Structure formats: C-alpha cells, structure tokens
file target04.pdb (PDB, C-alpha atoms and all ligand atoms)
ATOM      1  CA  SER R   1    -147.758  68.066 184.169
ATOM      2  CA  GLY R   2    -147.748  69.464 187.717
ATOM      3  CA  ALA R   3    -146.863  72.485 189.889
ATOM      4  CA  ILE R   4    -145.832  73.490 193.439
ATOM      5  CA  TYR R   5    -148.049  76.100 195.143
ATOM      6  CA  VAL R   6    -146.259  77.898 198.024
ATOM      7  CA  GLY R   7    -147.320  81.269 199.397
ATOM      8  CA  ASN R   8    -148.129  83.537 196.448
ATOM      9  CA  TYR R   9    -145.953  81.538 194.029
ATOM     10  CA  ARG R  10    -146.538  78.743 191.484
ATOM     11  CA  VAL R  11    -143.420  76.664 190.506
ATOM     12  CA  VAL R  12    -143.616  74.814 187.175
ATOM     13  CA  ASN R  13    -141.258  73.240 184.624
ATOM     14  CA  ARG R  14    -140.141  76.174 182.422
ATOM     15  CA  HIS R  15    -140.920  74.126 179.261
ATOM     16  CA  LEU R  16    -144.546  73.624 180.413
ATOM     17  CA  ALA R  17    -145.188  77.238 181.581
ATOM     18  CA  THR R  18    -148.439  78.703 180.186
ATOM     19  CA  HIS R  19    -149.159  82.159 178.741
ATOM     20  CA  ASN R  20    -150.511  83.133 182.184
ATOM     21  CA  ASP R  21    -147.308  81.956 183.927
ATOM     22  CA  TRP R  22    -145.204  84.179 181.613
ATOM     23  CA  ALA R  23    -147.569  87.152 182.110
ATOM     24  CA  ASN R  24    -147.112  86.835 185.940
ATOM     25  CA  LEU R  25    -143.385  85.954 185.806
ATOM     26  CA  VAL R  26    -141.292  86.233 189.024
ATOM     27  CA  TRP R  27    -138.156  84.282 187.986
ATOM     28  CA  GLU R  28    -137.075  81.720 185.384
ATOM     29  CA  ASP R  29    -133.917  79.794 184.600
ATOM     30  CA  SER R  30    -133.579  77.822 181.349
ATOM     31  CA  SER R  31    -130.490  76.006 182.700
ATOM     32  CA  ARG R  32    -132.628  74.613 185.572
ATOM     33  CA  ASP R  33    -135.900  74.050 183.587
ATOM     34  CA  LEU R  34    -137.751  76.141 186.240
ATOM     35  CA  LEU R  35    -140.178  79.042 186.132
ATOM     36  CA  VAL R  36    -141.952  80.728 189.062
ATOM     37  CA  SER R  37    -145.073  82.871 188.573
ATOM     38  CA  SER R  38    -147.179  84.878 191.059
ATOM     39  CA  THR R  39    -150.667  83.809 192.223
ATOM     40  CA  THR R  40    -153.602  85.616 193.891
ATOM     41  CA  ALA R  41    -154.634  82.652 196.088
ATOM     42  CA  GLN R  42    -152.393  81.376 198.930
ATOM     43  CA  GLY R  43    -150.762  78.024 198.108
ATOM     44  CA  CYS R  44    -151.235  74.486 199.441
ATOM     45  CA  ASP R  45    -147.445  73.336 199.761
ATOM     46  CA  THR R  46    -144.212  73.472 202.234
ATOM     47  CA  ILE R  47    -140.635  73.492 200.760
ATOM     48  CA  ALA R  48    -138.040  71.168 202.339
ATOM     49  CA  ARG R  49    -134.866  72.872 203.692
ATOM     50  CA  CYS R  50    -132.611  69.842 204.120
ATOM     51  CA  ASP R  51    -130.003  67.563 202.528
ATOM     52  CA  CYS R  52    -132.197  64.434 202.178
ATOM     53  CA  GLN R  53    -131.147  62.058 199.386
ATOM     54  CA  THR R  54    -134.227  59.734 199.716
ATOM     55  CA  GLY R  55    -137.910  60.553 199.172
ATOM     56  CA  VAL R  56    -141.028  59.641 197.233
ATOM     57  CA  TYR R  57    -142.150  60.966 193.819
ATOM     58  CA  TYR R  58    -145.422  60.902 191.942
ATOM     59  CA  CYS R  59    -145.296  59.174 188.497
ATOM     60  CA  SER R  60    -148.360  60.123 186.403
ATOM     61  CA  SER R  61    -147.557  57.468 183.699
ATOM     62  CA  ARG R  62    -148.100  54.780 186.405
ATOM     63  CA  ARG R  63    -150.685  56.641 188.602
ATOM     64  CA  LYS R  64    -148.349  55.663 191.509
ATOM     65  CA  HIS R  65    -145.811  57.034 193.972
ATOM     66  CA  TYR R  66    -142.361  55.432 194.120
ATOM     67  CA  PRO R  67    -139.589  55.654 196.736
ATOM     68  CA  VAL R  68    -136.176  56.785 195.375
ATOM     69  CA  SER R  69    -132.562  57.357 196.315
ATOM     70  CA  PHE R  70    -131.311  60.442 194.362
ATOM     71  CA  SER R  71    -128.039  62.248 193.763
ATOM     72  CA  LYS R  72    -127.232  65.713 195.173
ATOM     73  CA  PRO R  73    -128.124  68.649 192.879
ATOM     74  CA  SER R  74    -125.512  68.878 190.118
ATOM     75  CA  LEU R  75    -124.683  69.900 186.515
ATOM     76  CA  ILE R  76    -125.747  67.015 184.217
ATOM     77  CA  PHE R  77    -125.675  66.682 180.424
ATOM     78  CA  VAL R  78    -129.232  66.451 178.960
ATOM     79  CA  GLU R  79    -129.778  65.422 175.312
ATOM     80  CA  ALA R  80    -131.718  67.687 172.929
ATOM     81  CA  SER R  81    -135.509  67.530 173.062
ATOM     82  CA  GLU R  82    -138.159  69.604 171.218
ATOM     83  CA  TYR R  83    -137.911  72.183 174.074
ATOM     84  CA  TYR R  84    -134.142  72.685 174.484
ATOM     85  CA  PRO R  85    -130.932  72.062 172.557
ATOM     86  CA  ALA R  86    -128.396  69.579 174.059
ATOM     87  CA  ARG R  87    -126.992  71.322 177.175
ATOM     88  CA  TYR R  88    -125.939  70.958 180.817
ATOM     89  CA  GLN R  89    -128.933  71.274 183.147
ATOM     90  CA  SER R  90    -127.949  72.615 186.585
ATOM     91  CA  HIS R  91    -129.407  71.798 190.040
ATOM     92  CA  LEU R  92    -130.572  68.356 188.719
ATOM     93  CA  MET R  93    -130.867  65.194 190.842
ATOM     94  CA  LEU R  94    -130.946  61.724 189.250
ATOM     95  CA  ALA R  95    -132.523  58.513 190.489
ATOM     96  CA  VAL R  96    -133.434  55.068 189.159
ATOM     97  CA  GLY R  97    -137.140  55.002 188.457
ATOM     98  CA  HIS R  98    -139.721  55.083 185.738
ATOM     99  CA  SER R  99    -140.427  58.323 183.893
ATOM    100  CA  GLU R 100    -141.790  59.499 180.537
ATOM    101  CA  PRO R 101    -141.851  63.126 179.193
ATOM    102  CA  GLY R 102    -145.458  63.759 180.383
ATOM    103  CA  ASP R 103    -144.348  62.888 183.977
ATOM    104  CA  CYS R 104    -142.635  66.315 184.217
ATOM    105  CA  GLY R 105    -144.112  68.298 187.082
ATOM    106  CA  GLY R 106    -144.600  65.317 189.440
ATOM    107  CA  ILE R 107    -143.479  66.276 192.950
ATOM    108  CA  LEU R 108    -140.586  64.651 194.860
ATOM    109  CA  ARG R 109    -141.092  64.924 198.669
ATOM    110  CA  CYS R 110    -139.179  63.922 201.779
ATOM    111  CA  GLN R 111    -140.350  64.069 205.443
ATOM    112  CA  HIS R 112    -139.536  67.828 205.454
ATOM    113  CA  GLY R 113    -141.627  68.896 202.447
ATOM    114  CA  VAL R 114    -141.284  69.401 198.697
ATOM    115  CA  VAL R 115    -137.773  68.725 197.336
ATOM    116  CA  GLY R 116    -138.291  69.259 193.572
ATOM    117  CA  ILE R 117    -140.214  68.303 190.411
ATOM    118  CA  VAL R 118    -139.668  65.705 187.641
ATOM    119  CA  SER R 119    -137.765  67.361 184.775
ATOM    120  CA  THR R 120    -135.762  64.666 182.853
ATOM    121  CA  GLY R 121    -135.472  60.896 182.441
ATOM    122  CA  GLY R 122    -134.053  58.036 180.513
ATOM    123  CA  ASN R 123    -134.081  54.245 180.333
ATOM    124  CA  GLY R 124    -134.993  53.527 183.911
ATOM    125  CA  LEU R 125    -133.824  56.971 185.105
ATOM    126  CA  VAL R 126    -135.792  59.952 186.454
ATOM    127  CA  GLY R 127    -134.319  63.456 187.032
ATOM    128  CA  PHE R 128    -135.696  66.110 189.392
ATOM    129  CA  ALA R 129    -135.136  69.869 189.330
ATOM    130  CA  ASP R 130    -134.254  70.826 192.954
ATOM    131  CA  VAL R 131    -136.095  73.762 194.578
ATOM    132  CA  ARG R 132    -134.605  73.544 198.161
ATOM    133  CA  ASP R 133    -132.036  76.283 197.562
ATOM    134  CA  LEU R 134    -134.764  78.866 196.559
ATOM    135  CA  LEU R 135    -135.110  80.375 200.009
ATOM    136  CA  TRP R 136    -137.179  83.333 198.774
ATOM    137  CA  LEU R 137    -140.121  80.963 197.980
ATOM    138  CA  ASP R 138    -140.809  81.021 201.834
ATOM    139  CA  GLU R 139    -141.192  84.815 202.108
TER
HETATM  140  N1  LIG R 201    -135.445  69.175 181.313
HETATM  141  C1  LIG R 201    -135.404  68.928 180.012
HETATM  142  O1  LIG R 201    -134.491  69.330 179.285
HETATM  143  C2  LIG R 201    -136.560  68.121 179.447
HETATM  144  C3  LIG R 201    -137.413  68.978 178.509
HETATM  145  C4  LIG R 201    -138.648  68.173 178.123
HETATM  146  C5  LIG R 201    -138.334  66.789 177.607
HETATM  147  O2  LIG R 201    -139.144  66.204 176.901
HETATM  148  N2  LIG R 201    -137.137  66.238 177.944
HETATM  149  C6  LIG R 201    -136.833  64.862 177.515
HETATM  150  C7  LIG R 201    -137.309  63.791 178.474
HETATM  151  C8  LIG R 201    -137.935  64.125 179.676
HETATM  152  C9  LIG R 201    -138.336  63.155 180.588
HETATM  153  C10 LIG R 201    -138.112  61.819 180.264
HETATM  154  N3  LIG R 201    -138.367  60.671 180.975
HETATM  155  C11 LIG R 201    -137.974  59.588 180.227
HETATM  156  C12 LIG R 201    -137.468  60.005 179.042
HETATM  157  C13 LIG R 201    -137.529  61.442 179.042
HETATM  158  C14 LIG R 201    -137.123  62.446 178.164
HETATM  159  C15 LIG R 201    -136.046  66.903 178.673
HETATM  160 ZN    ZN R 202    -135.756  66.310 203.829
END
call {"tool": "encode", "arguments": {"input": "target04.pdb", "output": "structure tokens", "more": "lines below"}}
Ligand SMILES: NC(=O)[C@H]1CCC(=O)N(Cc2ccc3[nH]ccc3c2)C1
Ligand SMILES: [Zn+2]
result
Amino acid sequence: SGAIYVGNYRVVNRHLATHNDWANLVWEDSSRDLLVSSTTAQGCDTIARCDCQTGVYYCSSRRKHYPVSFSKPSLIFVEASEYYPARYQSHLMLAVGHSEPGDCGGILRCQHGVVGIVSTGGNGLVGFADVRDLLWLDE
C-alpha cells in the first residue's frame, strides 16, 4: 500500500484504489496501473521533473529503503495477476531489488522528488510506475 499526495491530488496504484478514490476520480490508466483522485487537504509531496535512473525506494515487506538503478520508462510485458490479465504495462521502470505484491504503493525518490510508485516485481526484480511525465500534477 501507499500513495503520493501532491497539491489537491492523491496518486495510487489503480488496482488498490478505494471506493472514495473512484468517487473523486481525476484520471486513470489501466495500462499504467495508475489512478489519481482529488483531495480537500493540500498534499505533503514534490514530483521530480528529471531523467534520473538511480534513486531510493521504500520496501514495506522489509521495513527498509533500498538504493536502485532502474530502466527508463517503457512498455514491459506483465504476467496475469488477480487484478489484470497478461498485458503490456506502459511507463514502467525495472530494477533489481526485493518486492512482494503488498509492496505496491512504496515511493521511489531521487534528489529532485518523487519519481514513481512500486507496481510490479519478480524474482529479485521490482517495477515502478513512473509519474514524472504527469506535468498537470503540479498545477
Ligand atoms: N501492475 C500490475 O499488473 C500488478 C497488479 C498487482 C499484482 O499483484 N501484480 C503481481 C505482482 C506485483 C508485485 C510483485 N513483486 C514481486 C512479485 C510480484 C507480483 C502485478
Ligand atoms: Zn531526479
């Protein structure tokens, strides 16, 4: 679990969005596993606007942060889960690191701000849904 709070927006994994997120929907994209909802309170976070390929993510299944080198956002095949059929997930960044399904929502950050959130993983892999291209989150 986890979310990004920026301005009057809340960014969550689309597969973990609540009834309240859907009732306050701003934008969602199944191919990216993202959903953005509106909030009444002003948010705690800053979005990175950069091309960093290193950063640090929070891993809830270890209660720890880990440094990572990750790929640029791209279209990657993701196997079927209980939430989606087998498909290509877009705007996904992969890195070597520990992750389990419940780690989804953990933030990846660089020196410039929030880069994305945990969305996928495998045997020693962790995948992050990028949010740096969503310029409208800042206004
Ligand atoms: N973005 C997606 O399509 C998600 C939907 C929710 C989901 O359970 N998965 C599978 C998954 C996620 C993180 C994982 N970390 C290590 C194994 C593992 C497996 C894929
Ligand atoms: Zn950066």
call {"tool": "closest_residue", "arguments": {"input": "target04.pdb", "among": "R:84, R:136, R:77, R:9", "to": "ligand LIG 201 (chain R)", "atoms": "all atoms listed in the file"}}
result
R:84
call {"tool": "resolve_selection", "arguments": {"input": "target04.pdb", "expression": "the PyMOL selection byres (((chain R and resi 71) around 9) and not hetatm)", "output": "PyMOL selection string"}}
result
chain R and resi 53-54+69-70+72-74+92-95
call {"tool": "closest_atom_pairs", "arguments": {"input": "target04.pdb", "of": "chain R", "to": "ligand LIG 201 (chain R)", "cutoff": "9 Å", "atoms": "only C-alpha atoms and all ligand atoms", "output": "Markdown table"}}
result
| residue | atom | partner | partner_atom | distance |
| --- | --- | --- | --- | --- |
| R:13 | CA | R:LIG201 | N1 | 7.8 |
| R:14 | CA | R:LIG201 | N1 | 8.5 |
| R:15 | CA | R:LIG201 | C3 | 6.3 |
| R:16 | CA | R:LIG201 | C4 | 8.4 |
| R:30 | CA | R:LIG201 | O1 | 8.8 |
| R:31 | CA | R:LIG201 | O1 | 8.5 |
| R:32 | CA | R:LIG201 | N1 | 7.5 |
| R:33 | CA | R:LIG201 | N1 | 5.4 |
| R:34 | CA | R:LIG201 | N1 | 8.8 |
| R:78 | CA | R:LIG201 | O1 | 6.0 |
| R:79 | CA | R:LIG201 | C15 | 7.3 |
| R:80 | CA | R:LIG201 | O1 | 7.1 |
| R:81 | CA | R:LIG201 | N2 | 5.3 |
| R:82 | CA | R:LIG201 | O2 | 6.7 |
| R:83 | CA | R:LIG201 | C3 | 5.5 |
| R:84 | CA | R:LIG201 | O1 | 5.9 |
| R:85 | CA | R:LIG201 | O1 | 8.1 |
| R:86 | CA | R:LIG201 | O1 | 8.0 |
| R:87 | CA | R:LIG201 | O1 | 8.0 |
| R:88 | CA | R:LIG201 | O1 | 8.8 |
| R:89 | CA | R:LIG201 | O1 | 7.0 |
| R:92 | CA | R:LIG201 | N1 | 8.9 |
| R:98 | CA | R:LIG201 | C11 | 7.3 |
| R:99 | CA | R:LIG201 | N3 | 4.3 |
| R:100 | CA | R:LIG201 | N3 | 3.6 |
| R:101 | CA | R:LIG201 | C9 | 3.8 |
| R:102 | CA | R:LIG201 | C9 | 7.2 |
| R:103 | CA | R:LIG201 | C9 | 6.9 |
| R:104 | CA | R:LIG201 | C9 | 6.5 |
| R:118 | CA | R:LIG201 | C9 | 7.6 |
| R:119 | CA | R:LIG201 | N1 | 4.5 |
| R:120 | CA | R:LIG201 | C9 | 3.7 |
| R:121 | CA | R:LIG201 | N3 | 3.3 |
| R:122 | CA | R:LIG201 | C12 | 4.2 |
| R:123 | CA | R:LIG201 | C11 | 6.6 |
| R:124 | CA | R:LIG201 | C11 | 7.7 |
| R:125 | CA | R:LIG201 | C11 | 6.9 |
| R:126 | CA | R:LIG201 | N3 | 6.1 |
| R:127 | CA | R:LIG201 | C9 | 7.6 |
| R:128 | CA | R:LIG201 | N1 | 8.6 |
| R:129 | CA | R:LIG201 | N1 | 8.1 |
call {"tool": "residues_near_ligand", "arguments": {"input": "target04.pdb", "ligand": "ligand ZN 202 (chain R)", "cutoff": "8 Å", "atoms": "all atoms listed in the file", "output": "JSON, numbers by chain"}}
result
{"R": [48, 49, 50, 51, 52, 53, 54, 55, 109, 110, 111, 112, 113, 115]}
call {"tool": "atom_distance", "arguments": {"input": "target04.pdb", "atom1": "atom CA of residue R:114", "atom2": "atom CA of residue R:38"}}
result
18.2 Å
call {"tool": "atom_distance", "arguments": {"input": "target04.pdb", "atom1": "atom CA of residue R:137", "atom2": "atom CA of residue R:6"}}
result
6.9 Å
call {"tool": "atom_distance", "arguments": {"input": "target04.pdb", "atom1": "atom CA of residue R:96", "atom2": "atom CA of residue R:61"}}
result
15.3 Å
call {"tool": "residues_around", "arguments": {"input": "target04.pdb", "residues": "residue R:17", "least_positions_apart": "5", "cutoff": "9 Å", "atoms": "all atoms listed in the file", "output": "ChimeraX atom specification"}}
result
/R:12,22,34-37
call {"tool": "axis_aligned_box", "arguments": {"input": "target04.pdb", "around": "stretch 47-60 of chain R", "padding_each_side": "6 Å", "output": "AutoDock Vina command-line options"}}
result
--center_x -139.2 --center_y 66.3 --center_z 195.3 --size_x 30.4 --size_y 26.3 --size_z 29.7
call {"tool": "residues_around", "arguments": {"input": "target04.pdb", "residues": "residue R:105", "least_positions_apart": "6", "cutoff": "6 Å", "atoms": "all atoms listed in the file", "output": "list in words"}}
result
residues 1, 2, 3, 117 and 118 of chain R
call {"tool": "resolve_selection", "arguments": {"input": "target04.pdb", "expression": "the PyMOL selection byres (((chain R and resi 45) around 7) and not hetatm)", "output": "PDB file with C-alpha atoms, keeping the file's coordinate frame"}}
result
ATOM      1  CA  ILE R   4    -145.832  73.490 193.439  1.00  0.00           C
ATOM      2  CA  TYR R   5    -148.049  76.100 195.143  1.00  0.00           C
ATOM      3  CA  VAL R   6    -146.259  77.898 198.024  1.00  0.00           C
ATOM      4  CA  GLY R  43    -150.762  78.024 198.108  1.00  0.00           C
ATOM      5  CA  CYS R  44    -151.235  74.486 199.441  1.00  0.00           C
ATOM      6  CA  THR R  46    -144.212  73.472 202.234  1.00  0.00           C
ATOM      7  CA  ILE R  47    -140.635  73.492 200.760  1.00  0.00           C
TER       8      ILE R  47
END
call {"tool": "closest_residue", "arguments": {"input": "target04.pdb", "among": "R:10, R:27, R:130, R:108", "to": "residue R:57", "atoms": "all atoms listed in the file"}}
result
R:108
